[PDB]
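To keep things clear, I will list the structure first and then write my remarks on it.
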Amino acid sequence: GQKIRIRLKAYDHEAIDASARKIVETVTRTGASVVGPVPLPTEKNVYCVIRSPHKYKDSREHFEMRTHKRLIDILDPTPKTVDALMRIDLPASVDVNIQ
Amino acid sequence: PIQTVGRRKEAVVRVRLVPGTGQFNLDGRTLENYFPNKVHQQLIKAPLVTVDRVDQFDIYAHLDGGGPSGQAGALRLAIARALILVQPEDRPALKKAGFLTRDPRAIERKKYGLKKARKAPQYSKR
Amino acid sequence: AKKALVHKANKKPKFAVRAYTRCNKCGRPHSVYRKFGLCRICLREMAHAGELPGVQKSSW
Amino acid sequence: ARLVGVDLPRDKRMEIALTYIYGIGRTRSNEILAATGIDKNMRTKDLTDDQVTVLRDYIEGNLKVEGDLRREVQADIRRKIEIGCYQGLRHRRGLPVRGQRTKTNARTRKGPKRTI
Amino acid sequence: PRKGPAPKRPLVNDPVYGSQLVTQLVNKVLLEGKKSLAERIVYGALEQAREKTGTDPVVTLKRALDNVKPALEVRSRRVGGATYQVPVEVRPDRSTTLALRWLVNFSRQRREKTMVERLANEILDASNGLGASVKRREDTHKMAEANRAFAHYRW
Amino acid sequence: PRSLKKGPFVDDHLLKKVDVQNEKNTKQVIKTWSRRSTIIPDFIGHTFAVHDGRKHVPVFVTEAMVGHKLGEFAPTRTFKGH
RNA sequence: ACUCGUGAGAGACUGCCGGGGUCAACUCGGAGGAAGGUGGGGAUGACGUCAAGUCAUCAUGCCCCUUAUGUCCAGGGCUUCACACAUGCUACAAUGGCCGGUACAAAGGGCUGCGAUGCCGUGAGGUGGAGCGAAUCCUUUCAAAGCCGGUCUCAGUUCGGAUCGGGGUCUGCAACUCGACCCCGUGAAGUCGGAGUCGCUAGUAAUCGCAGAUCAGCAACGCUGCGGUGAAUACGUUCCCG
Numbered sequence: 003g004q005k006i007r008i009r010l011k012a013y014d015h016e017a018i019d020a021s022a023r024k025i026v027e028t029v030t031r032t033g034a035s036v037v038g039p040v041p042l043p044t045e046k047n048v049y050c051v052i053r054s055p056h057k058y059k060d061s062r063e064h065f066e067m068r069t070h071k072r073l074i075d076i077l078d079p080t081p082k083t084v085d086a087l088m089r090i091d092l093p094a095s096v097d098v099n100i101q
Numbered sequence: 025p026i027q028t029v030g031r032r033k034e035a036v037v038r039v040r041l042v043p044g045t046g047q048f049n050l051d052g053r054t055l056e057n058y059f060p061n062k063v064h065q066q067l068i069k070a071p072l073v074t075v076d077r078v079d080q081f082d083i084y085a086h087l088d089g090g091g092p093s094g095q096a097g098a099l100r101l102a103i104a105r106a107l108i109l110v111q112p113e114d115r116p117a118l119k120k121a122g123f124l125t126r127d128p129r130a131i132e133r134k135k136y137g138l139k140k141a142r143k144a145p146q147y148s149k150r
Numbered sequence: 002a003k004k005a006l007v008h009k010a011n012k013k014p015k016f017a018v019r020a021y022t023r024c025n026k027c028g029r030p031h032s033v034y035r036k037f038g039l040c041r042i043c044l045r046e047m048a049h050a051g052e053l054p055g056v057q058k059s060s061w
Numbered sequence: 002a003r004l005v006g007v008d009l010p011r012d013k014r015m016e017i018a019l020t021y022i023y024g025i026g027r028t029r030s031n032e033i034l035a036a037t038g039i040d041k042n043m044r045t046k047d048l049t050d051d052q053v054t055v056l057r058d059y060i061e062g063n064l065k066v067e068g069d070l071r072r073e074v075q076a077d078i079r080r081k082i083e084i085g086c087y088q089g090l091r092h093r094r095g096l097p098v099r100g101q102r103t104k105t106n107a108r109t110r111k112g113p114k115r116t117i
Numbered sequence: 002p003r004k005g006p007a008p009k010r011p012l013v014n015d016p017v018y019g020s021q022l023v024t025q026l027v028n029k030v031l032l033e034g035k036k037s038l039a040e041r042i043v044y045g046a047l048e049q050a051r052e053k054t055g056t057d058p059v060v061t062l063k064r065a066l067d068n069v070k071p072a073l074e075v076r077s078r079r080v081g082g083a084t085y086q087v088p089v090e091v092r093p094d095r096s097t098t099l100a101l102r103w104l105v106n107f108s109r110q111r112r113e114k115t116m117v118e119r120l121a122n123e124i125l126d127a128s129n130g131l132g133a134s135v136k137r138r139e140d141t142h143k144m145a146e147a148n149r150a151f152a153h154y155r156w
Numbered sequence: 002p003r004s005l006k007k008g009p010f011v012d013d014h015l016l017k018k019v020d021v022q023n024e025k026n027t028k029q030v031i032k033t034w035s036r037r038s039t040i041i042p043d044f045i046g047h048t049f050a051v052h053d054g055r056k057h058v059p060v061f062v063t064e065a066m067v068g069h070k071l072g073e074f075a076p077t078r079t080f081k082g083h
């Protein structure tokens, strides 16, 4: 009747994959249908900084920040899945929200 | 079904083939309406002319990335590989002219502290 | 930065345009990124200290 | 021909020929021509009396050109250079009045170089 | 280039004529990075030559460049703060390169106010031998033969 | 330049002082430390001592210089040639 | 089924052959192959040197003020100008100038933020609001060079843009000194630049546009990136420098 997407983001690949695997296993145990964690574009923020204070501009250093994002789509909204959803433990660096 | 992919310095093309008449479709335009270059014309003719079976295939191209020459080269390579696939006997021909050698040349990074790539600011002795 | 200047920066300005960056860790008014709020020197030093969630050396 | 007592060039487009006056340049030529209705593909060689008469009628009726423009510009300048105005004092010393830079620039204002 | 000679670049065969002289010329006249405009300029000049001489462009350009192809060059060698001019023969490749460079560089001086007719006119003049490229060739040979004395350094 | 929608700029002190003066049938010398304020036609009959950083320059405004700020007629920096 | 988004893996390893080789490293040529010899580029900078730079990022020993060099506040300066140096951008045009049509890039950024349609403006823009905390919506289906058609015909030019005048828009409590942008006008220097000197060896220079950081607005032509088009020669160490 209703399908739910969950956006699922982290810098770390290990933690994000472990969270996805745990959630998929829990859904399989509960008895609900999910498409799977389809990949999404990885956002990258790029910055430049000056290595030396007080002159010598030509020497600089670049910084990055990478955020890997994915979606997990669940069909057939089994009530037990909704009951057991928010109690699932997640890694510190992984953030998941509903849509 | 047959589908082939070509790439040339950030231009990506996908080509589908039909054994139909001697005409081409480039996202809804013919070979003269789109890529209106004689040089590009011979470049795209080079595979078929080398294999000597012009006017035997109708192509349909979907294009992205790059500019005129990049997409022209990408289409050339894609159709060359497609022809090699459908008729492998012509494999020892294009390699003689080196049409199977994909071109690994791209844009070099602009390096900080300079003007661009390898260009450098003017140097004064005083 | 003088402590008086730091406190005046901590004091909210009486006009909207009278506000500036005033880097958090030190207080260097120049080159303060809005993503972090830190001056570039402090940002680089802390990032190389392994105490920021996401920052890393860039190479490409 | 003639253009408010001035000698029109023998071979110039009227959209370019009307630029030769002190008050009409690029856009005003076309605005005057459109409000008048003269075809812009001809030459001064063909410019007959009717175009000339509608032309000076329109230029009399639209704005100020030639000498009066010079004297009104001078009137504004004299208003600004004898009331203590900052722009006037900057005119007096031969320096840019728009708060420009004179450390190395403003060559066309001060003039040619006099090396010291 | 200190260790040894770098491998020579290949020349792409000209698709319309089959000889690389025309593509060399269009590559040299190229500037600001545009192949199409330079190609059309050279092709217009060649077709004006077609309609003005009635002969095949390849052969006429061939013997024109042959008649403007230099044979010897003068090189500077400095000792004790004073220079010496030594004559050295030239390989045909650099000879043709210098001839074509002279043509292109001095094709911006004809006073007929358009580049394509400039090229056509100078190509035809060099075909007739009255072009300024012939003058530079004669000057270069005068310099080479007059200063043939200073060659005992053998270079 | 200045958005005319907000109207000509005049801060309250000298406006109130000139209100007191001209409602008391009196015209005196006004000294102000403001330079950004504009020239008001009601002020044309008065004079203003405007500050340049050290002290005040007195200016007797007329109808010739209307429409400009005070500082447009009171130079600040000093340069006596080379 | 095809790019693509993102994970894992295969593959360039003198692997094979032939000549030079001391049957050696190594060098060239050839075969297959996307690439043939560290495929291309980043990151990483040993021991040492200049009593090099930074007490103004921060802390740091000694000395100094300590009712002041502390300290809040209003205006003004860091943009002042007869000069000289350095780094850049725009031009001296016909490989061009002006007018309409025409088709392909990448990356990036966006909450009191990107902000589309309509309403009215020559153009900044005033009305208000649909899509999005963002592969969803906005940066026009994302640009210019390119190509086509019209014209200008070599002049201080339908080049060039400076200085100057009148009238405005946006933001900011507040635009004169001292923000940007818009309309209109006269249109200065400027004719390929002396002695001398600079960057560069393959997708490089040269040219063209786009994006970001800081930013309410910008002096940004600056810096860090992206993509389009894209050639020349390298004989050889004699000389100049490290």
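Chains as they are written, first to last, in the entry's author numbering: chain j, 3 to 101; chain i, 25 to 150; chain n, 2 to 61; chain m, 2 to 117; chain g, 2 to 156; chain s, 2 to 83.
Ideal placement from N, C-alpha and C gives every residue a C-beta, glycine not left out.
Report, in whole angstroms, the separation of the C-beta atoms of residue i and residue j, which I expect to be a contact under 8 Å.
{"i": "g:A65", "j": "g:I124", "result": "7 Å"}
{"i": "j:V48", "j": "j:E66", "result": "6 Å"}
{"i": "m:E67", "j": "m:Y21", "result": "11 Å between Cβ atoms; not a contact."}
{"i": "m:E61", "j": "m:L34", "result": "Between m:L34 and m:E61 the Cβ distance is about 16 Å, and since that is not below 8 Å, they are no contact."}
{"i": "j:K71", "j": "j:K5", "result": "At roughly 19 Å, the Cβ-Cβ gap does not stay under 8 Å, so j:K71 and j:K5 are not in contact."}
{"i": "i:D51", "j": "i:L87", "result": "6 Å"}
Residues of chain i with CB closer than 8 Å to the CB of residue i, please, in chain order.
{"i": "g:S37", "result": "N61, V63"}
{"i": "g:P16", "result": "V63, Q66"}
Mind checking residue i: buried by the 16 CB within 10 Å criterion, or exposed?
{"i": "j:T44", "result": "exposed"}
{"i": "i:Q95", "result": "buried"}
{"i": "g:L12", "result": "exposed"}
{"i": "g:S77", "result": "exposed"}
{"i": "g:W103", "result": "buried"}
{"i": "s:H14", "result": "exposed"}
{"i": "i:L99", "result": "buried"}
{"i": "s:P42", "result": "exposed"}
{"i": "g:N122", "result": "buried"}
{"i": "i:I131", "result": "exposed"}
{"i": "g:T56", "result": "exposed"}
According to DSSP, is residue i part of a helix, a strand, or is it coil?
{"i": "j:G38", "result": "strand"}
{"i": "m:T37", "result": "helix"}
{"i": "j:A86", "result": "helix"}
{"i": "j:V96", "result": "strand"}
{"i": "s:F44", "result": "helix"}
{"i": "g:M116", "result": "helix"}
{"i": "n:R35", "result": "coil"}
{"i": "m:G62", "result": "helix"}
{"i": "m:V55", "result": "helix"}
{"i": "m:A107", "result": "coil"}
{"i": "m:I84", "result": "coil"}
{"i": "i:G52", "result": "coil"}
{"i": "g:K70", "result": "coil"}
{"i": "i:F123", "result": "coil"}
{"i": "g:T97", "result": "helix"}
{"i": "s:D12", "result": "coil"}
Run through chain j and tell me which residues come within less than 7 Å of residue i, C-beta to C-beta.
{"i": "n:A48", "result": "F65"}
Below 8 Å on C-beta distance, what does residue i contact in chain m?
{"i": "s:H69", "result": "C86"}
At 7 Å on the CB atoms, spell out the chain m contacts of residue i, in chain order.
{"i": "s:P76", "result": "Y87, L90"}
What residues from chain n crowd round residue i, counting only those whose CB sits closer than 7 Å?
{"i": "j:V51", "result": "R41, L44, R45"}
Under 9 Å Cβ-Cβ, which residues of chain j neighbour residue i?
{"i": "i:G137", "result": "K59, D60, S61, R62"}
Going along chain n in order, which residues have a C-beta closer than 8 Å to the C-beta of residue i?
{"i": "j:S21", "result": "Under the 8 Å cutoff, chain n gives no residues; its nearest Cβ is about 16 Å from j:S21."}
Exercise. Given a limit of 7 Å on CB to CB distance, which residues of the segment 54-86 of chain m reach chain s?
Worked result: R80, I84, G85, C86
Problem set entry | Residues of the segment 53-73 of chain j with Cβ closer than 9 Å to any Cβ of chain i, in chain order | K59, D60, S61, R62, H64
Problem set entry | Members of the segment 33-46 of chain n near chain j, C-beta cut-off 8 Å | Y34, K36, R41, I42, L44, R45
Problem set entry | Residues, ordered as in the chain, of the segment 88-103 of chain m that lie near chain s by beta-carbon distance below 8 Å | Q88, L90
Problem set entry | Under 9 Å (Cβ pairs) to chain m, residues found in the segment 46-68 of chain s | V60, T63, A65, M66
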